[PDB]
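A.B. asks: Chains as they are written, first to last, in PDB author numbering: chain Bq, 102 to 138; chain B3, 35 to 81; chain BK, 17 to 158; chain BQ, 31 to 251; chain BN, 61 to 119; chain Bx, 35 to 196; chain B9, 63 to 100; chain Bt, 9 to 51; chain Bp, 2 to 98; chain BJ, 29 to 196.
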Amino acid sequence: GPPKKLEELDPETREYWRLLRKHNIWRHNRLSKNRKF
Amino acid sequence: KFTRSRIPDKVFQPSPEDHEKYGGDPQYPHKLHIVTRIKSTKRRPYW
Amino acid sequence: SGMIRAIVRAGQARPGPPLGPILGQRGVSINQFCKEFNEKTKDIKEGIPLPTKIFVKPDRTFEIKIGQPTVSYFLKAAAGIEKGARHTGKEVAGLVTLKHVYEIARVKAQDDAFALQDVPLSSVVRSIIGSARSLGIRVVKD
Amino acid sequence: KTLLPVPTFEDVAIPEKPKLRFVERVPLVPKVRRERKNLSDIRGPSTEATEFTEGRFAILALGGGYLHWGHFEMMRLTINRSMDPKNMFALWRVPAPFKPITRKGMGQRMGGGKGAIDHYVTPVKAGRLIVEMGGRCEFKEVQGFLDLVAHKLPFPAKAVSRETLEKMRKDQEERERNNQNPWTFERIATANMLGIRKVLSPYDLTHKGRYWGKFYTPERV
Amino acid sequence: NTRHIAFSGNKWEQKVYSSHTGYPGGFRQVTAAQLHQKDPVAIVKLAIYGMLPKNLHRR
Amino acid sequence: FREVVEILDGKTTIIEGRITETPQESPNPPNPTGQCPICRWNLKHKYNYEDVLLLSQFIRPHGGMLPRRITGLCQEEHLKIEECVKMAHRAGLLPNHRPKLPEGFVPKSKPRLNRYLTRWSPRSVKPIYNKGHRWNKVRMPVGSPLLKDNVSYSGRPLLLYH
Amino acid sequence: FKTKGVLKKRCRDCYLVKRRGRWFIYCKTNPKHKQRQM
Amino acid sequence: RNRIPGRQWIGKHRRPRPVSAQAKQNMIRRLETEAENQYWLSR
Amino acid sequence: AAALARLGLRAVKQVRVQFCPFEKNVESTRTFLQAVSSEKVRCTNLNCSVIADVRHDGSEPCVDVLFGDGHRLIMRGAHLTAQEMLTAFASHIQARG
Amino acid sequence: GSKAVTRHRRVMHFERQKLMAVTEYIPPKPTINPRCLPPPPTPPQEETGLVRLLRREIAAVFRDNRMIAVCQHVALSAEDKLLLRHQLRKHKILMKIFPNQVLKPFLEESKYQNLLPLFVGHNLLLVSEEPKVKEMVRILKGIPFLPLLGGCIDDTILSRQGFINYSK
RNA sequence: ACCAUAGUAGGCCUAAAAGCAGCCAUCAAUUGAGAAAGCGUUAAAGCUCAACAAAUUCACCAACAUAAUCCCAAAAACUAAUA
Ligand SMILES: [Mg+2]
Ligand SMILES: [Mg+2]
Ligand SMILES: [Mg+2]
Ligand SMILES: [Mg+2]
Ligand SMILES: [Mg+2]
Ligand SMILES: [Mg+2]
Ligand SMILES: [Zn+2]
Ligand SMILES: [Zn+2]
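1) If the criterion is Cβ atoms closer than 7 Å, does the pair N93 (chain BJ) and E163 (chain BJ) meet it?
2) Can you give me the C-alpha to C-alpha distance between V72 (chain BK) and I38 (chain BK), rounded to a whole angstrom?
3) Under the rule that 16 or more other beta-carbon atoms within 10 Å means buried, what is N193 (chain BJ), buried or exposed?
4) Taking 6 Å as the cut-off, does the CB of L183 (chain BQ) come closer than this to any heavy atom belonging to ligand 1?
5) Counting only beta-carbon atoms, is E113 (chain Bq) nearer than 7 Å to chain BJ?
6) Indicate whether the contact test is met: 3 or more Cβ pairs, each with one atom in the region 128-146 of chain BQ and one in the region 216-235 of chain BQ, closer than 8 Å.
7) According to DSSP, is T247 (chain BQ) part of a helix, a strand, or is it coil?
8) For ligand 8, I want to know if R98 (chain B9) counts as a neighbour, meaning its beta carbon is within less than 6 Å of at least one of the ligand's heavy atoms.
9) What are the start and end residues of the alpha helix (DSSP H) that includes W72 (chain BN)?
10) How would you write the range of the alpha helix (DSSP H) that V179 (chain BQ) sits in, first residue to last?
11) Going along chain Bt, which residues have a C-beta under 7 Å from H79 (chain Bx)?
12) Taking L49 (chain Bt) as the reference, which of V69 (chain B3), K73 (chain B3) and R78 (chain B3) has the closest Cα?
13) Can a CB atom of chain BJ be found closer than 7 Å to the CB of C73 (chain Bx)?
14) Let me check understanding here. Comparing Cα to Cα, which of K182 (chain BQ), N68 (chain BQ) and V172 (chain BQ) lies closest to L132 (chain Bq)?
15) Please confirm whether any heavy atom of ligand 7 lies closer than 6 Å to the CB of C63 (chain Bp).
16) Is the beta carbon of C49 (chain Bp) less than 7 Å from the beta carbon of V18 (chain Bp)?
17) If you measure between the beta carbons of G149 (chain BJ) and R77 (chain Bp), is that distance less than 7 Å?
18) Which residues, in chain order, does the region 211-230 of chain BQ contribute to contact with chain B3 at a C-beta distance below 8 Å?
19) Taking 7 Å as the CB-CB cut-off, is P50 (chain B3) touching chain Bt?
20) Does DSSP put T65 (chain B9) in a helix, a strand or coil?
21) So, using beta-carbon positions, are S29 (chain Bp) and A2 (chain Bp) closer together than 7 Å?
22) For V165 (chain BJ), report the span of its alpha helix (DSSP H) as first-last.
23) Along chain BQ, in chain order, which residues have C-beta atoms closer than 9 Å to that of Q30 (chain Bt)?
24) Taking Cβ-Cβ distances shorter than 7 Å, what residues in chain Bx pair up with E85 (chain Bp)?
25) State yes or no: is the beta carbon of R38 (chain BJ) nearer than 7 Å to at least one beta carbon in chain Bx?
26) Please report how far the alpha carbon of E37 (chain Bx) lies from the alpha carbon of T88 (chain Bp), in whole angstroms.
27) Let's test the definition: count the other Cβ atoms within 10 Å of the Cβ of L195 (chain BQ) and tell me whether it reaches 16, buried, or not, exposed.
28) Cβ of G29 (chain BJ) within 6 Å of any heavy atom in ligand 4?
29) Any residues in the region 17-43 of chain Bt with a beta carbon nearer than 7 Å to a beta carbon of chain Bx? Which ones, in chain order?
30) Just checking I72 (chain BQ) against ligand 3 - is the residue's beta carbon closer than 6 Å to any of the ligand's heavy atoms?
31) Can you list, in chain order, the residues of its chain with a C-beta nearer than 8 Å to that of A79 (chain BQ)? Leave out the 5 residues immediately preceding and following it.
32) Compile a chain-ordered list of the residues in the region 40-68 of chain Bx whose CB is closer than 8 Å to at least one CB of chain Bp.
33) I'd like the list of long-range same chain contacts for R250 (chain BQ), defined as Cβ closer than 6 Å, with 5 residues on each side in sequence excluded.
34) Return no unless some Cβ of chain BJ is closer than 7 Å to the Cβ of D75 (chain BK).
35) Which ranges would you report for the beta strand (DSSP E) in the region 98-148 of chain BK if only whole runs of at least 3 residues count?
36) Can you confirm whether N45 (chain Bt), when its beta carbon is compared against all beta carbons of chain Bx, has any partner nearer than 7 Å?
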């Protein structure tokens, strides 16, 4: 159905890094749980 | 308790540099000690 | 004083919530907009609730832009179902083809947001596939 | 600018009941017979539970101490509401309190006997882990709210990962092979130089002057 | 040139000179800076005084 | 050293940049291979708060510090230089670089107390009333510990507290 | 104000300033975030 | 006005007295002599 | 471009910037250009038109801004840095108007 | 007497303290600091997938457009950039944006050098595939604060007036 | 520092759940922006994070009130010390 694995997209294709960005983001979304100002 | 204590052998195993430092001869043990008492008996255990 | 996003059904415009609390707080006439919005949307007998953009001005008058009706509805109608799956992706609700998503794509290519976007129908199709996958409706390409 | 590959957990196995179990006020077979307090069971380095089991995170004890029930309550409550039961799980690395502690009420003249049993307590040696947390989490979050838990412990304590821990142990031995001064505590203690053994306690031959009373000084080489 | 003393550190600020009248509440703490402000001679005189042996000949 | 100039003329305003001549680094550095401006001139662990001729080379006409990224000093030597600058100032050296204020020279205060090796600001320090006996002492700080690495011809480590 | 052993910025507009040999937390948005190191 | 509780050097609270650079020296000096000693006692 | 928008630019008549792209010193005048061209600065006033004059031949970067104190502000970019022209923009055009 | 373990940290007997002061950790002290030594040896960075994708993408971008016009990026509302995009879509003209970081090393190789001083500030690359100049400057006439900086046209670089000339 | 639009107020619940009461999915437009980490709203609207774009890099693991007659050698950065 839906695309899931990021290992199946070519590192030489423009749309592989989009998921890398999305994951780098979710990372920061996680790290910001504890950050309270 | 405080005791007679003891020394683990390895202490007395000389390294090769020490022959150069203290001027010993690696090959031949010296024959006779000169001993002097540098510090005092008192405050040390009777033995 | 601002803008209002209001998703409203075809022939239904009434002097009560959401239009009472949302529009009536801006100081806006509810009857004027009922008459205008019904004037435009009575002419869709395809019965499609459309998200509409209501610009509410400084002097308490207002202006309207009608956009294309929600993909939630076009695909609710495309799969023949009623309400989308309870846990989406765990449970199947309804089904569509490469034709369904194509229809809902070209119908919606004139949307306020997709208009200034020159993206081909491939793009809008993957968009509607995206709006499908969380609605619980599965795609089958034939 | 520059993107980097994210760490992904395809290996994370999340158990049922991720939260900490309820530890009991008293044992179920309350010790009838009053015990001597070996203070020595808090004295010096831990033998047991120096190492990990399942998880990559823990609260590490940098001094020896006594954990009683209240503390357990602190930890259980705090950790449980500060974690996502989906992506994390925690572990007791320490038993529930078994060790009696005695009291006499106020206004007692000395002696007459032992008092009765007030507590139950669990001894911790420095170098032990109180709580093991595994999960698909990055360390930074767990660290963030676990340091809260650490700091409220009776002894000084820390939050650590496999990486962090091995980093600091590696460092620890490195310091001691890099030492410029010819004179180490071990060196003098074993060799009983300056008759120092008069002043030193036998346990020191092991502890090498790094452990003092219940305390631990990591700076001590 | 007694007024022209140099004081290393912030000592101007934290060295205090104390003395007592002998009357209750007659006790006096004074910043070095203040003291020297009032009487230039004092600072040095106290240094030298406090520096001699403590017997009579000091006087 | 680029002077910024401003002109007010007949309800019009001209604001413009003009470049002066930047003196150049002297010809022959002792450690040409060396990195930080200090370190190639062999000046590390030498200069003290007492060296102006070195110090005045990094600061601004009105006396403040330079930005490090402009001077490019090893972070350490930057902080060292900073402290020494403040110290030298408090020491009433570089009287030149006090900011020029036509009214303020007039209002006399008691002739400024001559001090040196002063680590703190004179306004902040609280007077220590309590001294304390030989086993608990309150040590009056002298110099900055940042300078504790300067070479001692005496072999006696510099005394930072009394 | 308050006197504290531990400062923390309680918001975004909180900032950290060393005055009179102490640390201060000053906040324009809220006065209530004002803290003073002891 | 800062006092020491009880007796100077005795109890659970003591006059603090610090190690001297002098002291460091004396100790090292002895250690030196004894390193040499346990050398000459080796062989 | 925050420092400009915060200050209520509505006292300005017209902002024009004459600069010459292929020179190596043109960066800062561009930083000024996109500083004042920002949306907040743009919509603080509807009476302010911004006109960007582009020349290969001119060789001299400059900016001219007029405002209703009868004031004509001419800042001549040669060696002027960006934050400086914006600082002077700030102190000059706000305190007067 | 105090038990061998206490809460309060337990004063040491003097000679043991002496022993401590002697046995203190001493860190190895360098002859010359490593940082103030000359620079470290050389650490080559390597091309990512994104660097290669953008090099290929740009190598195609200077090929396919007959007119590549540098337009300094300038702050507008999302409404105005979407509108300017659509009014770019009525004459079919394209607009692309590239990071200066990977954009700089490409035009610093051989042919296009005259474009380097243009890309210093913000920029926005205008792609014109089978262009007409008057249509391009047309919408740039509408917004007065949105300058056209010229640059590359079919291997020949030209400023604003060169464009005003290609138009008529 | 800057900047913030898109299907889409994602399905399901619900008085309304609109990113931001709770369960699901984590989709895909743009070169680029989480079916959202903070706040906020009755639901919104509204503020910042991350996303590009422009840049510069120098960092990280921070701190803790006082006693009762009157402070408690005076002092002091350096001429050479295995004294
Ligand atoms: Mg603690
Ligand atoms: Mg006594
Ligand atoms: Mg005592
Ligand atoms: Mg005893
Ligand atoms: Mg996308
Ligand atoms: Mg919205
Ligand atoms: Zn250096
Ligand atoms: Zn605040």
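Positions of the beta carbon are idealized from the N, C-alpha and C atoms, including for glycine.
C.D. replies: Answer, in terms of the structure:
1) No. Outside cutoff.
2) 11 Å
3) exposed
4) For ligand 1, at least one heavy atom lies less than 6 Å from the Cβ of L183 (chain BQ).
5) So, interface residue.
6) no
7) coil
8) Outside the cutoff, so no.
9) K71 to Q74
10) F169 to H181
11) Those within 7 Å of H79 (chain Bx) in chain Bt number zero; the least Cβ separation is about 21 Å.
12) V69 (chain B3)
13) yes
14) The residue with the shortest Cα to Cα distance from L132 (chain Bq) is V172 (chain BQ).
15) no
16) no
17) no
18) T220, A221, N222, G225, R227 and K228
19) Residue-level contact check: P50 (chain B3) does not touch chain Bt, since none of the beta carbons of chain Bt fall below 7 Å from its beta carbon.
20) strand
21) no
22) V161 to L168
23) Those within 9 Å of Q30 (chain Bt) in chain BQ number zero; the least Cβ separation is about 16 Å.
24) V38
25) no
26) 15 Å
27) By the 16-neighbour rule on beta-carbons within 10 angstroms, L195 (chain BQ) is buried.
28) For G29 (chain BJ), the shortest C-beta to heavy atom distance toward ligand 4 is below 6 Å.
29) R23, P24 and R25
30) no
31) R123, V124, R158 and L159
32) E40, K45, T46, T47, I48, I49, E50, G51, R52 and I53
33) A distance below 6 Å between beta-carbons, with the five flanking residues on each side excluded, links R250 (chain BQ) to the following residues of its chain, in chain order: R240.
34) no
35) 110-112
36) no
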